[PDB]
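Asker: Just dropping this structure here.
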């Protein structure tokens with residue numbers, strides 16, 4: 001089997017991407033944030049504290065003939081940005097782009113933090129990291145991908161995120177028309193439960209490539225590119241007037257600037273992030289100070305190849321017995 005679904009930016013900045021997901025019988029379609037940095041599929045639901053729901057579409061398990069309470073199971077998750085959610089668990093039929101899993105754990109939110117409430121466009125998350133990170137207790141549950149894997153034509157999914165435009169998540173096949181050149185594959189460590197890999201270095205603009213190992217995660221659920229302070233300083237030093245602002249919470253730059261590109265290494269290959277991808281616009285409405293798309297990972301504890309980086313590539317998440325990641329230009 002295979003599946004193919006379009007993923008769409010939630011706003012004009014590409015802050016996140018939503019993908020329609022069918023849950024239950026008859027289908028209830030919710031728009032979920034596919035997150036290769038976590039491993040829970042959770043939704044706003046009829047059980048979510050009413051004051052914490054503001055415009056989201058909810059899953060109502062009582063209206064699904066295939067929903068079953070997973071008795072005794074609870075979940076609770078905290079994300080890197082400080083947001084969180086928790087609740088109980090149903091199993092139900094879940095389909096993405098024509099690919100159906102029966103008996104998928106669907107984690108129903110009883111509580112969500114303010115950032116989720118305030119984002120009316122995101123009805124929940126669909127985790128695509130390794131199932132060892134799943135938070136369901138006392139019986140850990142499998143991700144949608146893990147459940148689908150055996151049935152897929154090939155044990156892979158791909159992320160093809162757009163810049164200010166829709167893109168695609170495919171399951172079970174590699175669309176050879178979706179990228180240019182060849183796909184370069186690189187080793188993955190699953191030790192921390194992430195799609196963790198080591199970039200071979202970077203360049204700023206038309207500058208020379210610096211060969212240096214940068215361990216990080218491929219994370220579709222993180223907006224920006226978070227890299228070591230040394231790398232980030234070297235980038236922003238090429239932008240007149242750019243500075244790190246503790247009050248704003250990162251590097252900012254004059255909105256009048258033209259940003260240089262940023263290149264990262266994948267083995268001997270190179271992925272170029274155009275400068276415009278690094279512009280996250282005014283820090284506040286009407287400001288002439290703009291927020292940068294490359295930020296320091298110092299004090300996160302991990303480097304994160306978030307959407308800024310991934311949307312410059314066609315990315316293969318290979319879930320074979322020995323997992324790997326592939327990157328192609330597009």
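Numbering (the entry's author numbering), first residue to last: 1 to 330.
Every residue, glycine too, gets a C-beta built ideally from N, C-alpha and C.
If residue 209 sits next to residue 250, beta carbons under 8 Å apart, how far is it from one beta carbon to the other, in whole angstroms?
Answerer: Numbered from 1 along the chain shown, position 209 holds the residue referred to as residue 209. Numbered from 1 along the chain shown, position 250 holds the residue referred to as residue 250. The Cβ separation is near 25 Å, so there is no contact.
Asker: What residue ranges within the stretch 223-268 form continuous beta strand (DSSP E) runs of no fewer than 3 residues, ordered along the chain?
Answerer: Entirely contained in the stretch 223-268, the beta strand (DSSP E) runs reaching 3 residues are, in chain order, 225-227, 243-245, 250-254 and 262-266.
Asker: Between the alpha carbons of residue 156 and residue 232, how many angstroms are there, rounded?
Answerer: Taking the chain shown and counting its residues from 1, the one referred to as residue 156 is at position 156. Taking the chain shown and counting its residues from 1, the one referred to as residue 232 is at position 232. Near 32 Å, if we compare the C-alpha coordinates of residue 232 and residue 156.
Asker: Note down the Cα distance separating residue 221 from residue 122, rounded to an integer number of angstroms.
Answerer: Position 221 of the chain shown, counted from the start, is the residue given in the question as residue 221. Position 122 of the chain shown, counted from the start, is the residue given in the question as residue 122. The straight-line gap from Cα to Cα measures roughly 12 Å.
Asker: Taking only the alpha-carbon atoms, compute the straight-line gap between residue 293 and residue 321 and give it to the nearest angstrom.
Answerer: Position 293 of the chain shown, counted from the first residue, corresponds to residue 293. Position 321 of the chain shown, counted from the first residue, corresponds to residue 321. When rounded, the distance between both Cα atoms is 34 Å.
Asker: Does the contact criterion of 3 or more C-beta pairs under 8 Å hold for the stretch 5-22 versus the stretch 94-103?
Answerer: Counting Cβ pairs under 8 Å, three or more are found: they touch.
Asker: Can you say whether residue 300 is buried or exposed, counting buried as having 16 or more other CB atoms within 10 angstroms of its CB?
Answerer: What you label residue 300 is simply residue 300 of the chain shown in a count that begins at 1. Exposed: under 16 other Cβ atoms inside 10 Å.
Asker: According to the neighbour-count rule (16 or more other Cβ atoms, all chains shown, within 10 Å of its Cβ), is residue 69 buried or exposed?
Answerer: Stepping through the chain shown from its first residue, residue 69 is reached at position 69. It is exposed - the Cβ of residue 69 has fewer than 16 other Cβ atoms within 10 Å.
Asker: Report yes if the CB atom of residue 125 is closer than 8 Å to the CB atom of residue 42, and no otherwise.
Answerer: Position 125 of the chain shown, counted from the start, is the residue given in the question as residue 125. Position 42 of the chain shown, counted from the start, is the residue given in the question as residue 42. Yes, the pair counts as a contact, with Cβ atoms nearer than the cut-off.
Asker: Closest to residue 32 by CA distance: which of 296, 326, 81 and 107 is it?
Answerer: Working through the chain shown from its first residue, we reach residue 32 at position 32. The shortest C-alpha separation from residue 32 is found at 107.
Asker: Are residue 329 and residue 185 closer than 8 Å when you measure CB to CB?
Answerer: Locating residue 329 in the chain shown gives position 329, where the first residue counts as 1. Locating residue 185 in the chain shown gives position 185, where the first residue counts as 1. Result no, Cβ atoms of residue 329 and residue 185 do not sit closer than 8 Å.
Asker: What residues in its chain sit with their C-beta under 6 Å from that of residue 265, if we drop five residues either side in the sequence?
Answerer: As a working note, residue 265 is residue 265 in the chain shown. Only 199, 200 and 201 meet the Cβ criterion.
Asker: In terms of residue numbering, what span does the beta strand (DSSP E) encompassing residue 308 cover?
Answerer: For the purposes of this step, residue 308 is taken as the residue at position 308 of the chain shown. From DSSP, residue 308 is part of no beta strand (DSSP E) but of the alpha helix (DSSP H) over 307-310.
Asker: Counting Cβ pairs closer than 8 Å, one from the stretch 72-84 and one from the stretch 135-146, do we hit at least three?
Answerer: The stretch 72-84 is in contact with the stretch 135-146.
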